[PDB]
Structure formats: C-alpha cells, structure tokens
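A quick write-up on the structure given underneath.
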Amino acid sequence: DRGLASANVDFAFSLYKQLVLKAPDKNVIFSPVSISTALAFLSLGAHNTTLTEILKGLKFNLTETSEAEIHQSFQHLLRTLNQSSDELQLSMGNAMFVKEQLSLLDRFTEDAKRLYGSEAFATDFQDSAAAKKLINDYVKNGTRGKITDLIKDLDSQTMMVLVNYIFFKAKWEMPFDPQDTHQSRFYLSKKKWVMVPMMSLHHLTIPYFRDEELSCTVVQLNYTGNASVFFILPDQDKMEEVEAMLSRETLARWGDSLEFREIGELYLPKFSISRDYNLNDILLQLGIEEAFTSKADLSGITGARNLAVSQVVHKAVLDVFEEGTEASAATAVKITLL
Amino acid sequence: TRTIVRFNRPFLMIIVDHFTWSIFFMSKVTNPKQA
Ligand SMILES: C[C@]12CC[C@H]3[C@@H](CCC4=CC(=O)CC[C@@]43C)[C@@H]1CC[C@@H]2O
C-alpha cells in the first residue's frame, strides 16, 4: 500500500510527461491506476528481462519489493476499489480474452482469477468483428456506456487481449448551482479564448495553497466519500514550467502545504473531454521493450516463449458538471503468437 | 480583499483516493471544447 502508492504515483507522472511530450497541444485525460493494473496483470505472465522491464517501468523498486508482493498488493487494491459504497460509484474490472485453442498454464489462469479478478473468455479472434464487439461490449458494460470504442482494430491472428476498465461517478461535497453557470471566456492563450459554461461557487472554505516558487495556485475540491480532486492552476504561460515539476515529491509538498481558506468566488468550466492513446512508444520510452520484440518472454502464460505484445491502447473520458464528476477509462493489451 | 480562483485558462486535475492514495484520473484541460 505504501510502496504501491509511491510506485503508482511515480508511474502516473512519468506517463503524463511522455503523453505531453508526444502531443504538446492536446488535452490530456487518462487513468494511471488502470494502466498500472493492466500492465501488472500482464507481468503475471512475464519472465526474466520481459518481467523486470515491466515492473521497473511501473516504477517499482525491486530492491525493496518482490513480484509476489506486487501482485498481492494489486489484489488488495482491487478489493478495496470494488467495495460497496453509497456515497460514490467506483468499480474496476479485469478480463482476459483468449483463443480457445491456446493452451494456458493452470497457474496463470488461477492466479489471474485470484489476484486480478479476471475471468477467461473464449474468443474466436479469427472472426475479428465479433471478437471486437465482445471486448468492446465488456468495456461498455463496465463503464456504464462511457467507453464505447476501446478496440478500434483487431488483427485476426490475435491470441489474447488483457483488459482493465475503471468507472467513476461522484457527487461534489459542495455542488454548483446550475442557475449560477454562465457563458464566459476560457483563454486558450493570452489573446485567444473560447466561450464555455463557467460554473461558480461563492463563499466556500477549502484547502488552498498559492505556490509562488512554481507560479501556480492549488485547490482541493472534495467529493462525497474518500475521493477528491487536486486542481492546479498555473499562471498564464506557466503550464510547461509546472508540468516539468510534476512528481510524487511535488504532489506531497502541495498536499502538506494546503491550508483552509475562504474563497469569495470559484469559477470552474462545465466540460467533457475524451482521449484515446496508442501507448506503444510511451511504454518503450519507459523501458518496457522486450515484451514487444521477438525476444519476448511471456512463458508464464503458456509455459513456452510463444507470445508477444503487439499493442497497448487506452481510452479515457472526463465529464465535469454542477452535480459532480463522471470519469472512466479502459486499457487493453493485445497479444499475438511469436 | 477576498480570494478568487478562476479556472479560465489551462489547468490540471488530479482525481485521488484518500484511502489507497491511488490516482484514479489525471487531466490537463487546455481547451474544454477541443476537437
Ligand atoms: C496528498 C495526499 C497525501 C499524500 C499522497 C497523495 C497521493 C500521492 C502520494 C503518494 C505517496 O506515496 C506519497 C504521498 C502522496 C503525495 C494523497 C492524495 C490525498 C492526500 O491529501
């Protein structure tokens, strides 16, 4: 839990930096914990260099933790995330879609069900359209219709797809009144704006920290339940400077520096954004290489070195509005014969 | 002199779980109306 948080947060910011590097002008929205869980799931079947590259890419310090420690930690995380709750809707699922003829070690299938909650669905990938619809329906069901087209293309020689989804629906602790939402400017740059519905709250007391060293303002808005949002507002033209300082250490400093403050007015756009990603280049920059090559070692899955990753994809959606927030995401790991 | 927090320029959002310290979602909003 302590070491899982630290590794997952390091991974989150490393992932964020590469996404911005790849597409510097774009909105960003993704689920770190979905991607971490999908790749941890994958590592269950990896061996030797393929394995250690994944665990190190996930930012786990292997001199301080072991493979068994990691998987048990993800098992506990998933159990905690899927606990019943009347305050907030939160769920995460894992699944594996396998060609029926593919022979799987009983140890792999058992550990997948036990540690990651995954069933094993027989899938005829040679009927790619049906196989695609089944996987996308699984994700659509898990995200309550929010993630509809996670799998766009599916090679007919696919042997296995590992899938993780996360669904999140929460109410603001202090919700916005829709009668206070009015069209206002959102500045894309100093001289260009777009018009958006700007929600507002008045006379609210919330955690606040003006970070003069980083030229940004940080506020924490709570959801009902154990979830909250850190909002970070860089001064005009300081986004890239703030992004360069994004790290576990910086988030910890922000968190320790929050103090309750009375805010006269808070203005927040009502918005919905969505992004989908091909994570292949990103994961390679993070050191996850052998799983994609002819030297891939996934013999923990089948007992032979006969599988290799072809593609890792991710899609996420974020919906912010007066009553609360809806967000969901899914990650898929596509695997072929080697 | 009251304080005003106005998210009318690009900002970040980090949705976190106080229980597990998981980051559920991380976002940069550069354009709420971006294609
Ligand atoms: C900031 C925070 C306490 C510190 C946590 C943070 C989540 C990310 C993180 C993980 C770590 O392992 C170091 C401390 C931090 C930075 C938590 C989110 C809610 C809580 O306030």
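Chains as they are written, first to last, in PDB author numbering: chain A, 23 to 360; chain B, 366 to 400. Virtual Cβ for every residue (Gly too), placed ideally from N, Cα, C.
N-terminal and C-terminal residue of the beta strand (DSSP E) that residue i is part of
i: residue 229 of chain A; result: 215-233
i: residue 298 of chain A; result: 293-300
i: residue 123 of chain A; result: No beta strand (DSSP E) contains residue 123 of chain A, which DSSP labels as neither H nor E.
i: residue 346 of chain A; result: 346-359
i: residue 382 of chain B; result: 376-382
Pairwise C-alpha distance: residue j and residue i
i: residue 180 of chain A; j: residue 265 of chain A; result: 37 Å
i: residue 309 of chain A; j: residue 147 of chain A; result: 29 Å
i: residue 356 of chain A; j: residue 57 of chain A; result: 13 Å
i: residue 335 of chain A; j: residue 61 of chain A; result: 11 Å
i: residue 267 of chain A; j: residue 241 of chain A; result: 17 Å
i: residue 53 of chain A; j: residue 351 of chain A; result: 6 Å
i: residue 330 of chain A; j: residue 153 of chain A; result: 19 Å
i: residue 197 of chain A; j: residue 300 of chain A; result: 35 Å
i: residue 145 of chain A; j: residue 151 of chain A; result: 11 Å
i: residue 201 of chain A; j: residue 116 of chain A; result: 41 Å
Heavy atom of ligand 3 within 6 Å of residue i beta-carbon
i: residue 247 of chain A; result: The model on display carries ligand 1 but not ligand 3.
Residue from the options whose Cα sits closest to the Cα of residue i
i: residue 254 of chain A; options: A:110, A:178, A:262; result: A:262
i: residue 107 of chain A; options: A:183, A:193, A:93; result: A:193
i: residue 47 of chain A; options: A:322, A:340, A:297; result: A:297
i: residue 218 of chain A; options: A:154, A:160, A:289; result: A:289
i: residue 114 of chain A; options: A:188, A:337, A:284; result: A:188
i: residue 339 of chain A; options: A:171, A:317, A:305; result: A:171
i: residue 78 of chain A; options: A:26, A:109, A:51; result: A:26
i: residue 225 of chain A; options: A:55, A:244, A:155, A:285; result: A:285
i: residue 37 of chain A; options: A:138, A:343, A:80, A:23; result: A:80
i: residue 230 of chain A; options: A:59, A:304, A:138, A:276; result: A:276
i: residue 337 of chain A; options: A:161, A:32, A:65; result: A:161
Segment limits, alpha helix (DSSP H) that includes residue i
i: residue 195 of chain A; result: Looking at the DSSP string, residue 195 of chain A is not in any alpha helix (DSSP H), and its letter there is neither H nor E.
i: residue 280 of chain A; result: Per DSSP, residue 280 of chain A belongs to no alpha helix (DSSP H) and is neither H nor E.
i: residue 163 of chain A; result: 150-164
i: residue 64 of chain A; result: 54-65
i: residue 310 of chain A; result: Run containing residue 310 of chain A: none; DSSP gives neither H nor E here.
i: residue 324 of chain A; result: 321-324
As assigned by DSSP and simplified to three states, the class of residue i
i: residue 175 of chain A; result: coil
i: residue 76 of chain A; result: helix
i: residue 336 of chain A; result: strand
i: residue 392 of chain B; result: strand
i: residue 258 of chain A; result: coil
i: residue 88 of chain A; result: coil
i: residue 266 of chain A; result: helix
i: residue 132 of chain A; result: helix
i: residue 109 of chain A; result: coil
i: residue 208 of chain A; result: strand
i: residue 25 of chain A; result: helix
i: residue 180 of chain A; result: strand
i: residue 100 of chain A; result: helix
i: residue 236 of chain A; result: coil
i: residue 203 of chain A; result: coil
### Query
Counting pairs of Cβ atoms below 8 Å between the region 236-254 of chain A and the region 368-387 of chain B, do you hit three or more?
By the Cβ criterion, the region 236-254 of chain A is in contact with the region 368-387 of chain B, since at least three pairs of Cβ atoms, one from each stretch, lie closer than 8 Å.
### Query
Three or more beta-carbon pairs under 8 Å between the region 61-77 of chain A and the region 318-326 of chain A, yes or no?
Segments in contact, yes.
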